[PDB]
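Chains as they are written, first to last, in PDB author numbering: chain F, 266 to 627; chain A, 266 to 627; chain B, 266 to 627; chain C, 266 to 627; chain D, 266 to 627. Don't be surprised by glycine CBs; every beta carbon is placed ideally from N, CA and C.
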Amino acid sequence: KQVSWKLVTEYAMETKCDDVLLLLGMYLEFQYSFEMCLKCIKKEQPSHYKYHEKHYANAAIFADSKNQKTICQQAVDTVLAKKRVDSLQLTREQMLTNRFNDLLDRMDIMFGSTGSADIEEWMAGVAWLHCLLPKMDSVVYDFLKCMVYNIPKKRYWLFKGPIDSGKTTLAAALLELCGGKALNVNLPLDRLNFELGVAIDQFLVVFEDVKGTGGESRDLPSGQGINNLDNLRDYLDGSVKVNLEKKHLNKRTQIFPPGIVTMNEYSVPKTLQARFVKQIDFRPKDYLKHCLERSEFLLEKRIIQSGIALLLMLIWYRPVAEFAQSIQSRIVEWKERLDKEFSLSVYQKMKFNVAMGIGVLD
Amino acid sequence: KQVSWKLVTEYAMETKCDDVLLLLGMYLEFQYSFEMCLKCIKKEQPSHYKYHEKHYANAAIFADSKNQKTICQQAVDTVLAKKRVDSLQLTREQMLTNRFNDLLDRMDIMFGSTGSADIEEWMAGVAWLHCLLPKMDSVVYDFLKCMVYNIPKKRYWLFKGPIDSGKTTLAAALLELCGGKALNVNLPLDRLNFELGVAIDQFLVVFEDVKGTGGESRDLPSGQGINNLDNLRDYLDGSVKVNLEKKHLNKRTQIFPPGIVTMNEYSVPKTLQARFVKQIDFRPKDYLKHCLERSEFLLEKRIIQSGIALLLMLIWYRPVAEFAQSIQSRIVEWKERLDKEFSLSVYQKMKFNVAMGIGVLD
Amino acid sequence: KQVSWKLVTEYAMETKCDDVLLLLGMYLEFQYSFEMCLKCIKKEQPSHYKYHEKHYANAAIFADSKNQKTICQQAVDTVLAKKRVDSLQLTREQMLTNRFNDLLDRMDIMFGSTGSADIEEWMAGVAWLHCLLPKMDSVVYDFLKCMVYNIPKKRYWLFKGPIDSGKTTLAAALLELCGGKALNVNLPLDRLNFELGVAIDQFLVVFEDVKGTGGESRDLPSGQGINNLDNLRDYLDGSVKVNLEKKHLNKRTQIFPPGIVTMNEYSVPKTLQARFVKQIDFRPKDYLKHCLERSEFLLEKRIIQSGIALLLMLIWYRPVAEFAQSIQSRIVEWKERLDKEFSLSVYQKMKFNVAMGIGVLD
Amino acid sequence: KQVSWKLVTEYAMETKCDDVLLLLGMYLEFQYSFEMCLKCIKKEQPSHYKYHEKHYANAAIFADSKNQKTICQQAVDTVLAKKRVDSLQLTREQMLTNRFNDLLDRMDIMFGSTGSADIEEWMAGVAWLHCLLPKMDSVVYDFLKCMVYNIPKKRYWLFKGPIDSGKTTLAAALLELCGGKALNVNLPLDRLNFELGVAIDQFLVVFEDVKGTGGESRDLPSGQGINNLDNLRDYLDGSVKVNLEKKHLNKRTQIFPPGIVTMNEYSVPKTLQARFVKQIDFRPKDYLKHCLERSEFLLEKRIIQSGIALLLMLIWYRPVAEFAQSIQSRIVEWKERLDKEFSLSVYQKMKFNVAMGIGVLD
Amino acid sequence: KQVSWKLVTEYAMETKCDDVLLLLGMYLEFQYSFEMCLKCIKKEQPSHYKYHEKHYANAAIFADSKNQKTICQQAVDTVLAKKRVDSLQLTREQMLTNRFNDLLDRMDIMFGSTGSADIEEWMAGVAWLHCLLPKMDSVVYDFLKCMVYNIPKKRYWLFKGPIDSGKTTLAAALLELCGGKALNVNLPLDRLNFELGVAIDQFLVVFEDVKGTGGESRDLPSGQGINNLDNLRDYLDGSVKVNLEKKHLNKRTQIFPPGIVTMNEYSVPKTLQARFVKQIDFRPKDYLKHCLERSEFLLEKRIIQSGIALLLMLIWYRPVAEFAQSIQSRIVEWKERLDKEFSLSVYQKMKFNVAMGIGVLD
DNA sequence: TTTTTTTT
Ligand SMILES: Nc1ncnc2c1ncn2[C@@H]1O[C@H](COP(=O)(O)OP(=O)(O)OP(=O)(O)O)[C@@H](O)[C@H]1O
Ligand SMILES: Nc1ncnc2c1ncn2[C@@H]1O[C@H](COP(=O)(O)OP(=O)(O)OP(=O)(O)O)[C@@H](O)[C@H]1O
Ligand SMILES: Nc1ncnc2c1ncn2[C@@H]1O[C@H](COP(=O)(O)OP(=O)(O)OP(=O)(O)O)[C@@H](O)[C@H]1O
Ligand SMILES: Nc1ncnc2c1ncn2[C@@H]1O[C@H](COP(=O)(O)OP(=O)(O)OP(=O)(O)O)[C@@H](O)[C@H]1O
Ligand SMILES: Nc1ncnc2c1ncn2[C@@H]1O[C@H](COP(=O)(O)OP(=O)(O)O)[C@@H](O)[C@H]1O
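Here it is, written out as structure tokens:
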């Protein structure tokens, strides 16, 4: 009779679809008789088999239309507008909710019908990291609180240690868990400005290890970067909004994000020391390294670097109540998986090997 | 009466033609008398001679239209939309089985009654290839599966070595096999982005003989590509979907494809070396030179460059079971045809001549 | 009564016009009475006087149309589509065969009943070219085969020799013969993209007198041409499809054409030297200066730099069977014409005149 | 009742207007009654007063139109299309003959009952110009021939010698005599892409005041025009079609025009020197200066800069036969008008005063 | 029951608006009843209250239109078209005469019965300006003739004198009297390209604050202004057209307008000095300082900045025959008003009183 | 929108 633009836009919202070509492509598939549709029969894609029957009648009429792309364009605008309306009104925790939500929806892929890897050696990495320092389970949820609360000045941690402390590898896992971006400070002041603009609207950041003048006595490479840092004062504080330099575009100005920093054992000014919520402190504990010499697969699957290992760790150790109300109901079912799939004695044996420097699976 | 955009699009889908000009041009040929059509009579191009009889009536009406380019637009979009929907809803495995079917379809024609090239000339290429490196098929199979798995970080291989070592030649055959793209990166960075646009929805990518810098005392002019690459490391990871770009079009959020790289032997930043799965060396060889002066027709016909040679090679060397179940029937059918065609004496006589470097066929 | 867009499209196709403003301007001329048409009466241009009477009735309606630019766009798009269809489906021999037939049509006009050009002045041009190099005739035939075969990494000829050696001139004649374009690579990288865009869907490219560096020892002003070109090793090799641009147009993927590089005598890095297949020397010969200074009709009519003189050279010298099967008869016909209009002794005299450095005619 | 677009296209053709705004703005004036049109009754502007009463009724309906800019767009397109057609089909001789015709209309108007000029003032300018160089009128004739002939590589004239020697004054007169525009090439190289875009479809070019190096020995201020020119080597040669670019436009491929280069006594490289036919060294001659001091009216009215001055010179000195055959009728009539007014005594009076350094106008 | 596009265009022409958004917003205000319109009632802006009552009805229909921006575009086109026609067809004297009428109109408001401004304070303005230089009112008349005649070479004036000696004040008032724009030359040459784009279609330019190289000779600050200038000898002398450019616009060509250069006591080459018609020396005179320090309404109301004050100065001092016949009537009416409102003794007293450095108006 | 601009 004629195409209902209404029904096309419903599907776009329903499927959260926001590519005009994908929307066109998928909606076109409904034009055959769902009554016999082989995808419906095999229930291969929910984005098809949940919808075909309702949309079929409209899809037959859509297939004949000479306006097809324009119908899909309006539909996608509705979905982009919905994101933009919502984006204006997120709490910081709601961001974190979604960041994690999507990682949970990735973790399916690791083990399920895709089955890309093994939840076992994943948990072996979880065991391997937990031993490095106290109570890592709590430490994550503590850092997490800080990044939602975003309390002025009370917003930053310093990972000080030697070189080869592991802090970079941890930093990878943290940023991998939480999002954000990494950034430099070891530049001529001249050049630096645009690098600072890279932060624009990241939730979180990490700063790369900064070349402390005179450090080469410590045999730590030494120079401009720390001189730059303390001149960046108010960016840390988050007291007031601040201008940001995009290349090839004009200024934007906003509250600078909270985040993380990395440090060899260089000199630190009192002023610079004063900024932090804490130092957290890292060193060689080489039986762990010899456990790695016996656990090499964790580097190969790269699980040791994994913020997903952190996600798994919280999913284990912490109270279900400790998660945000709704997504609690997801942590339940991963625990239901994990905790029957893995006893304490299993996790124990693993941690014992690591603590003994023995290969974690030995 | 009135153009059926339906029948236009149906031709576009069935040819997989995906350019408005190429579609526009070819469809216009159909406006003339099929009963007299010299192309149909001489069965010159199947993309014509099959379809003309069916499309003729509509093509005459199309030849009158004032809308012509707009009709071709909606047709071509249906082709891309189908591609992109498959680019999500297929496994990479099923993608290759689809790709292999299409190449097998070409082979069936090329050595059919049309038969327009000698099987033994084409096979002589396979000898040259499995002669270039040992275990050639086996490394080829290893590369293929690495590209099916596409597992993050372990997504890139390097070819490194001097001029005329053959590395370019091999990449061409793999790329003709796998259906990827080459990309050029010896270029200004803030102008490069649309090069990555080309990678949208592709299976695989190749980077060709990038300008490094330093060691140019060896007469190797320096350039920026290595800096560009390690700056662009964020793509190589396969970490998370990135929003790729194309002019006057909506951006395309996707995982960046895996790929392979070729290099005359500049320095690498060890960080840039840190990205790879593997290196392979390549070595100019006089005997593999001298043979071509006689066997010139191989290179004239680009045989040793072309992925059809690889497919014939894998059909030769590999177990039927190594191919996916879906295609294994055709693998049997084609093994039988190679088994019919050749004695090992023929094959080994040639491979002997190839080792001599003269008189490959004798 | 309405415009026939079909008549416009046919006109554009038949004249191979592919510029919307040329088409627009040309078609408007036909709005006047063809009987009174002084251009027809004079027979100024064939693209007019063959057509005016036939298109007159439609041009009178076109002159009133409100749509004009849109109609012309469609007609031009049809011509463009034909080129793309041809480019993908014809063998390179057919492309050259078609290009040869066209030049032979011009020669049917230039030396037609009008006698509009002097066949003796044109033939005189051939002799001066023939003395430009050793075995000139062979050198042309070799070059055509090379371009038609389009063999990987055997695709480029280097013309090298002093200022005013003749190399630019020989390139220019070959370029017209095959059809293709010149490109100025000395410009800076940021605009080279659209420079290379020129080459899309062309038979040859010519790179002109690229600047090297350090030859200012010899006062050869340095420039980036050589450095620029060594970014583009990939393009010369013809081994993989490259991505080409136009403004407000998405990239086109295809193989980069073969061609010629002219060269005042800067140095060459082996990466680039490896990619040429043949270097040809050129030298000042004062007696050619003395001849040209007394034979200046050669330059005024651009005879020696034009392509048609090379075709006449081929006709004078090659066995007919060396021409592609279809044109062989037209070659027989022109051979007879030339053999009739000139003796061999006349040609010997013309060569001798040039050898003496006297004006070509006595 | 509706707009005649044909009447607008006539006006655009008639005025040869090719700015949509200028066309629009003028056409809008015709909506008031010619009967009262004070511009008509002042009879000040030809492109108004000739036409108002014809277009009147259509201008009133155009005033009410909702489409106005589209109508003008089609009209300007037609005038533009006319130029492109002509730029292929005309000989350079017909072009020059046309350019003369238009200047001759302005000469008829200027010295008409407009009263608007004193031919005695303009003729004094001819005496000044003819005094500046030996054999001045033969120099103009030789230059005009050179531009009509456009012999490859033999295309450019180089003007040298001190500042304030009138070289740019002379260049302006030739540039107004022909069609063409000037360019400034001492620019940043990357901007130069759009600078050369100005040359598109024109007859002459003048490169204005190229700066070299070494001349700063005299403190000729140093610059890079010389080195920039030497990159445009193929543009000077005019041997093959170069690629030319405007903002937001795809390149048009075209033979770059012939022209003039003006400079002080910097050096020129071999390669660039080789590309000039003729070198004119102007010299300071203070009797000319003291004449001009007492001859202020020349520069006040821009006489000695102006191509109209040269044209009066040619009509004086050159035989009637030297003009293209069509205009010889008008030329004879203007020769009569000159001699009817100026006795040779008057011209000898003038040249005598100039030679004396006396104010010319006895 | 339709929008009259004509009434909207008449309003745009009437107000001389040429920004579509400024045009749009203002017209929509008329849709409310003018009869209670507070903007009418308060008599805020003439551009509103003159027209609200007239366009009310058409604005009421306009407010419902779905076409609104499309209407405004055609309206703005009309105003730009008027400027474009005027930009070619008027004498420089006629341009200035139009400019003067606008200032005279604005004076009728400022000093009206609605008069926002004290004509007595503005007369104090004229006193302080008349004190600033020798021979002031004859100096202005001579500057104006110079800009109107625009005689080549002899086009430019140089202001110099100490810091805080009035030079930019006078320049800004002259710039406002004529219209024009200021320019900054003290740059690296790359940006200088778009700087000059400002000058397109201006009647005047001012080169402010030209730094001399090595001005610390005087102990002035150094800068490249002078060395940047003297490249541009064509631009000042204005005998010939120059290419001019704005961001995102194709180049245009015109004579560069006449203007002023200002500086402190830097060096001037004779190469620069010969560019100038007159050099005006300013001096700090302390009674003016103490007068401003007792007459600050001058500064605070910006009186001595404003072109109106130079217009008033001309009206009071100059003979009527020095204006154009077009405006001589208005000049008489204003002269009558001022000669009624002020005695010669009273204004003579102000000049005497400013000579005392006491505040103007006691 | 791209392009041009920004950027070097
Ligand atoms: N191993 C080899 N031994 C000898 N000749 C070779 C070998 N491989 C390639 N060739 C010759 O070198 C030509 C170019 O090969 P190819 O482009 O693959 O080499 P490459 O090492 O990638 O070169 P480049 O670094 O210059 O691009 C081939 O066409 C063939 O003629
Ligand atoms: N072999 C020759 N001997 C003498 N004069 C020559 C010779 N070849 C060309 N000429 C003259 O040199 C002019 C320029 O020729 P051409 O442009 O082909 O030379 P080129 O070596 O390519 O120069 P360039 O590098 O400067 O462009 C010709 O027009 C002719 O006048
Ligand atoms: N031969 C001459 N001898 C003396 N004065 C001259 C001579 N020719 C020109 N003049 C004076 O030189 C003035 C400047 O002329 P013009 O701008 O054309 O000089 P130019 O030397 O060609 O300049 P540029 O090098 O800046 O292009 C003229 O207006 C005239 O007053
Ligand atoms: N002749 C003068 N005598 C005394 N004070 C003066 C005089 N002219 C200007 N002033 C004072 O100088 C201040 C600044 O004037 P103005 O901006 O025109 O100076 P300038 O020297 O032209 O500046 P600049 O060169 O920095 O642009 C005025 O506001 C006024 O206080
Ligand atoms: N417990 C440990 N014992 C010994 N070495 C360690 C330990 N943890 C980390 N390292 C060393 O740190 C090296 C680099 O890890 P990284 O995350 O980069 O630390 P950093 O950022 O401090 O350099 C590792 O290769 C490892 O040898």
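- request: Check the Cβ of residue 463/B against every Cβ in chain C and list those closer than 8 Å, keeping chain order.
  value: As a first step, residue 463/B must be located in the third sequence, where it is residue number 198. The answer, in chain order, is 508, 516, 518.
message: Which residue wins for smallest C-alpha separation from residue 620/C, given the options 540/C, 554/C, 416/C?
response: For this step, residue 620/C is matched to residue 355 along the fourth sequence. Cα-wise, what sits closest to residue 620/C is 554/C.
message: Using beta carbons (cut-off 8 Å, strictly below), is residue 513/C in contact with chain B?
response: Residue numbering aside, residue 513/C sits at position 248 when the fourth sequence is read from its first letter. Taking a beta-carbon distance threshold of 8 Å, residue 513/C counts as an interface residue toward chain B.
- request: Select from the region 343-368 of chain C all residues with a C-beta closer than 9 Å to any C-beta belonging to chain B, and list them in chain order.
  value: 343, 345, 346, 347, 348, 349, 350, 351, 353, 354
query: What residue ranges within the region 388-470 of chain F form continuous alpha helix (DSSP H) runs of no fewer than 4 residues, ordered along the chain?
result: 401-414, 432-443, 454-462
query: Exposed or buried, which one is residue 516/C when buried takes at least 16 other CB atoms within 10 Å?
result: Your numbering for residue 516/C matches position 251 in the fourth sequence. The residue in question, residue 516/C, is buried, as its Cβ has 16 or more Cβ neighbours within 10 Å.
- prompt: Are any of the Cβ atoms in chain C nearer than 8 Å to that of residue 504/D?
  reply: Within the fifth sequence, the letter at position 239 stands for residue 504/D. Residue-level contact by beta carbon holds for residue 504/D and chain C, with a gap shorter than 8 Å.
task: Measure how close the beta-carbons of residue 292/A and residue 273/A come, nearest whole angstrom, since I'm counting them as under 8 Å.
output: Position 27 of the second sequence, counted from the start, is the residue given in the question as residue 292/A. Position 8 of the second sequence, counted from the start, is the residue given in the question as residue 273/A. Correct: roughly 7 Å between the Cβ atoms.
Beta-carbon neighbours of residue 326/B, restricted to chain C and to distances below 9 Å: As a working note, residue 326/B is residue 61 in the third sequence. Neighbours of residue 326/B across chain C, judged by C-beta separation under 9 Å, do not exist; the nearest C-beta is about 12 Å away.
query: Can you name the residues of chain A whose CB is closer than 8 Å to the CB of residue 331/F?
result: Here the question's residue 331/F lines up with position 66 in the first sequence. The contacting residues are 270, 339.
Residue 281/A at chain F interface by Cβ criterion, 8 Å: Locating residue 281/A in the second sequence gives position 16, counting from the first residue. So, not an interface residue.
- prompt: At a Cβ cut of 7 Å, what residues of the region 478-497 of chain C count as close to chain B, listed as they run along the chain?
  reply: 492, 495, 496
query: To which residues of the same chain is residue 578/F closer than 8 Å at the C-beta, ignoring the five residues directly before and after it?
result: Counting from 1 along the first sequence, the entry for residue 578/F is found at position 313. Cβ within range, chain order: 391, 394, 395, 401, 402, 405.
task: Answer yes or no: the CB of residue 453/C versus the heavy atoms of ligand 4, is any distance below 7 Å?
output: As a working note, residue 453/C is residue 188 in the fourth sequence. Result no, Cβ not under 7 Å from ligand 4.
query: For residue 528/A, which residues does DSSP report across the bridge?
result: Here residue 528/A corresponds to residue number 263 of the second sequence, with the count starting at 1. Bridge partners of residue 528/A: 425/A.
- request: Look up residue 517/D in the DSSP assignment and say whether it is helix, strand or coil.
  value: Walking along the fifth sequence from the start, residue 517/D turns up at place 252. Strand, per DSSP.
field: The beta strand (DSSP E) enclosing residue 542/C, as first and last residue numbers
entry: Position 277 of the fourth sequence, counting from 1, holds the residue named residue 542/C. From DSSP, the beta strand (DSSP E) with residue 542/C extends over 541-546.
- request: Give a yes or no on whether 8 Å exceeds the smallest Cβ distance from residue 284/C to chain D.
  value: Sequence index remark: in the fourth sequence, residue 284/C carries index 19 (1-based). Yes, because at least one Cβ of chain D sits closer than 8 Å to the Cβ of residue 284/C.
task: Return helix, strand or coil for residue 510/A, following the three-state DSSP convention.
output: As a position in the second sequence, residue 510/A is number 245, starting the count at 1. Note: residue 510/A maps to coil in three-state DSSP.
- prompt: Interface residues of chain B around residue 454/C at Cβ under 9 Å?
  reply: In the fourth sequence, counting from the first residue as 1, residue 454/C sits at position 189. Simply 452, 453.
message: Taking 7 Å as the limit, name every residue whose beta carbon sits nearer than that to some heavy atom of ligand 2, in sequence order.
response: Any heavy atom of ligand 2 counts here; residues with a Cβ closer than 7 Å to one of them, in chain order, are 397/B, 426/B, 427/B, 428/B, 429/B, 430/B, 431/B, 432/B, 433/B, 434/B, 435/B, 474/B, 527/B, 529/B, 547/B, 548/B, 549/B, 550/B, 551/B, 553/B, 554/B, 557/B, 564/B, 417/C, 418/C, 498/C, 502/C, 504/C, 536/C, 539/C.
Residue 472/B (DSSP reduced to helix, strand or coil): In the third sequence, counting from the first residue as 1, residue 472/B sits at position 207. DSSP places residue 472/B in strand when its eight states are reduced to three.
task: Round the Cβ separation of residue 438/A and residue 570/A to the nearest angstrom and send it over; I've been treating them as touching at under 8 Å.
output: For this step, residue 438/A is matched to residue 173 along the second sequence. For this step, residue 570/A is matched to residue 305 along the second sequence. Confirmed, Cβ separation roughly 6 Å.
- request: Please look up how many angstroms separate the CB atoms of residue 452/B and residue 528/B, rounded, as I've assumed it's under 8 Å.
  value: Start at 1 with the first residue of the third sequence, and residue 452/B comes out as number 187. Start at 1 with the first residue of the third sequence, and residue 528/B comes out as number 263. Not really, about 18 Å apart at Cβ, beyond 8 Å.
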